[PDB]
**Student:** 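Sharing a structure here in structure tokens format.
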Amino acid sequence: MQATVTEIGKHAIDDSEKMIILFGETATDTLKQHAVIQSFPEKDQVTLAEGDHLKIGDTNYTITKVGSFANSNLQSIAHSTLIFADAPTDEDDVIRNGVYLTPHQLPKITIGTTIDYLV
Amino acid sequence: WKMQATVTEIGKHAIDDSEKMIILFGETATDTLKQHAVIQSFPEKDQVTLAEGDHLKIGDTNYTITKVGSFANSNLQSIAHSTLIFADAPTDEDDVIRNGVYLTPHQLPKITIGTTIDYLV
């Protein structure tokens, strides 16, 4: 299933912050300034697991870890936290709806950018 | 039915009496989003369906719901996220906040760590 970026908050993408928050449109305005907004029609069909892949625009990433709330949050309301780094060694520090990716190069996103959830 | 939630955190930019509005969010929120919201542990969020006439008892203050955005219930059920709005709802529907829950009286509630939010449907 493929999702489409419709909005990008001014504080949503910063390379030094190897993290990008995804949200659906109905998320409060204040929050959307810190995230990339996606329209993900087939969202209820996705079940991410380590090994899967996310193609954001032109870069293909490999999911190395998934927080216990990543699948629930994404399937239900299209919300998630993309983390372009290695999962923490301490399980308690793992971001609940985190979807840890590799490579760590930050994606190139603009309005219209597509996110393919290749399970 | 009464479903109870409990406040576990309050972001430094979560409550401002000059903007009659309070963003609620569940436990899956990350730090960048926490600064803007009141974090709630809502064990039965999956069961919540609010409608006009229902109430929200926030701490020592009871509020009646005057309008619910078309996505408030799904945002609550999924991430316990919602925009509590202490002001009349706009007359123009296209202007209604999708995840908003409009409340009256328009006085902000007193919220601290431990405060409960009773959803009375």
Side-chain angles (χ1 to χ4, degrees), chain A residues 1-3 12 17-24 26-28 31-32 34-38 40-56 60-104 107 115-119, chain B residues 3-11 23-48 71 73-82 99 113 117 119:
Chain A
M1 315 93 265
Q2 174 185 279
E17 221 88 10
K18 292 289 193 175
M19 183 176 106
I20 296 183
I21 305 172
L22 296 182
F23 257 129
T26 73
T28 307
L31 300 183
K32 294 195 294 184
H34 295 287
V36 172
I37 307 315
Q38 77 179 331
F40 188 8
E42 288 256 9
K43 71 185 187 295
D44 77 333
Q45 298 287 305
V46 302
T47 299
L48 302 188
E50 303 182 11
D52 295 337
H53 301 272
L54 298 193
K55 177 181 179 57
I56 305 176
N60 185 275
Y61 296 95
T62 301
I63 301 178
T64 72
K65 174 76 171 189
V66 176
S68 59
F69 285 85
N71 279 144
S72 57
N73 282 193
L74 187 71
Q75 299 174 340
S76 61
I77 204 74
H79 172 49
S80 188
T81 304
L82 300 185
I83 299 160
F84 305 87
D86 312 315
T89 57
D90 185 335
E91 278 292 317
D92 310 314
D93 301 318
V94 168
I95 309 307
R96 280 155 161 164
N97 66 179
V99 166
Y100 294 82
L101 307 159
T102 186
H104 304 163
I115 299 174
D116 299 302
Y117 292 88
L118 319 169
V119 177
Chain B
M3 353 211 80
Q4 176 170 294
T6 293
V7 181
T8 62
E9 271 181 86
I10 299 159
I23 302 175
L24 298 182
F25 212 99
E27 235 126 42
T28 67
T30 51
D31 301 313
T32 307
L33 307 179
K34 283 176 177 187
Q35 53 172 159
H36 304 289
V38 164
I39 306 310
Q40 60 170 339
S41 167
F42 193 178
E44 319 172 76
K45 63 189 166 69
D46 72 299
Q47 303 289 298
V48 83
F71 286 82
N73 288 142
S74 63
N75 267 283
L76 276 177
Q77 284 176 30
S78 172
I79 49 183
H81 179 213
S82 184
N99 76 165
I113 297 183
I117 307 174
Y119 295 78

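Lettering follows sequence order; numbering is per chain, from 1.
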**Student:** Could you tell me whether the side chain of A:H104 reaches within less than 4.5 Å of the side chain of A:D86, counting heavy atoms only?
**Tutor:** yes
**Student:** Identify, with sequence neighbours excluded, every residue that meets side-chain contact (heavy atoms from CB on, under 4.5 Å) alongside B:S78.
**Tutor:** A:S76, A:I77
**Student:** Can you name the residues that form a salt bridge (charged side-chain N to carboxylate O under 4.0 Å, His left out) with B:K34, not counting sequence neighbours?
**Tutor:** B:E9
**Student:** Apply the test side chain to side chain contact (heavy atoms under 4.5 Å, CB included) to residues B:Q77 and B:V48: give CA-CA distance (whole Å), side-chain angles for both, the deciding distance (0.1 Å), then the verdict.
**Tutor:** CA-CA 6 Å; B:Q77 284 176 30; B:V48 83; 4.2 Å; yes
**Student:** Can you see which heavy atom on A:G98 is nearest to which on A:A70, and at what distance?
**Tutor:** O-CB, 3.5 Å
**Student:** Under the side-chain hydrogen bond (donor to acceptor under 3.5 Å, both in side chains) test, which residues partner A:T62, sequence neighbours left out?
**Tutor:** A:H53
**Student:** Mind checking ring pair (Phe, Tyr, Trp, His ring centres under 6.0 Å) for B:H36 and listing every partner two or more places apart, or none if nothing turns up?
**Tutor:** A:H34
**Student:** Any side-chain heavy-atom pair from A:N60 and A:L118 closer than 4.5 angstrom?
**Tutor:** yes
**Student:** Would you indicate whether the side-chain heavy atoms of A:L74 and A:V99 approach each other to under 4.5 Å?
**Tutor:** no
**Student:** If you define the side chain from C-beta out and look only at heavy atoms, does anything of B:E27 sit under 4.5 Å from B:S41?
**Tutor:** yes
**Student:** What's the separation between atom OG1 in B:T28 and atom CG in A:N73, rounded to the nearest 0.5 Å?
**Tutor:** 4.0 Å
**Student:** Using the test salt bridge (charged side-chain N to carboxylate O under 4.0 Å, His left out), find all partners of A:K55 that sit at least two apart in sequence or belong to another chain.
**Tutor:** none
**Student:** Using side-chain contact (heavy atoms from CB on, under 4.5 Å) as the criterion, list what pairs up with A:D92, not counting sequence neighbours.
**Tutor:** A:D90
**Student:** For A:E42, enumerate each residue passing the salt bridge (charged side-chain N to carboxylate O under 4.0 Å, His left out) test, keeping only those at least two apart in sequence or located in another chain.
**Tutor:** none
**Student:** Please name the pair of heavy atoms, one in B:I10 and one in B:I113, separated by the smallest distance, quoted to 0.1 Å.
**Tutor:** CD1-N, 3.7 Å
**Student:** Would you please name every residue forming a ring pair (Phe, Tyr, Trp, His ring centres under 6.0 Å) with A:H79, sequence neighbours left out?
**Tutor:** A:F23, B:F25
**Student:** Apply side-chain contact (heavy atoms from CB on, under 4.5 Å) to A:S68 and list each qualifying residue two or more places apart in sequence or on a separate chain.
**Tutor:** none
**Student:** Return the set of residues passing side-chain contact (heavy atoms from CB on, under 4.5 Å) with A:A3 (not counting sequence neighbours), or none when no residue passes.
**Tutor:** A:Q38, A:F40, A:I115, A:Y117
**Student:** Scan residues 43-54 of chain A for pairs that pass salt bridge (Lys or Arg N to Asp or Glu O under 4.0 Å), counting only residues two or more places apart or in two chains.
**Tutor:** none
**Student:** Could you check whether A:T28 and B:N99, counting side-chain N and O atoms only, form a donor-acceptor pair closer than 3.5 Å?
**Tutor:** yes
**Student:** Kindly compute the distance separating CG (A:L82) from CD1 (A:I21), expressed to the nearest 0.5 Å.
**Tutor:** 10.0 Å
**Student:** Roughly how far apart are A:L101 CG and A:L54 CG, rounded to 0.5 Å?
**Tutor:** 5.0 Å
**Student:** Which residues pass the salt bridge (charged side-chain N to carboxylate O under 4.0 Å, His left out) test with A:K65, sequence neighbours left out?
**Tutor:** A:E91
**Student:** How far does CE of A:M19 sit from OH of A:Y100, to the nearest 0.5 angstrom?
**Tutor:** 9.5 Å
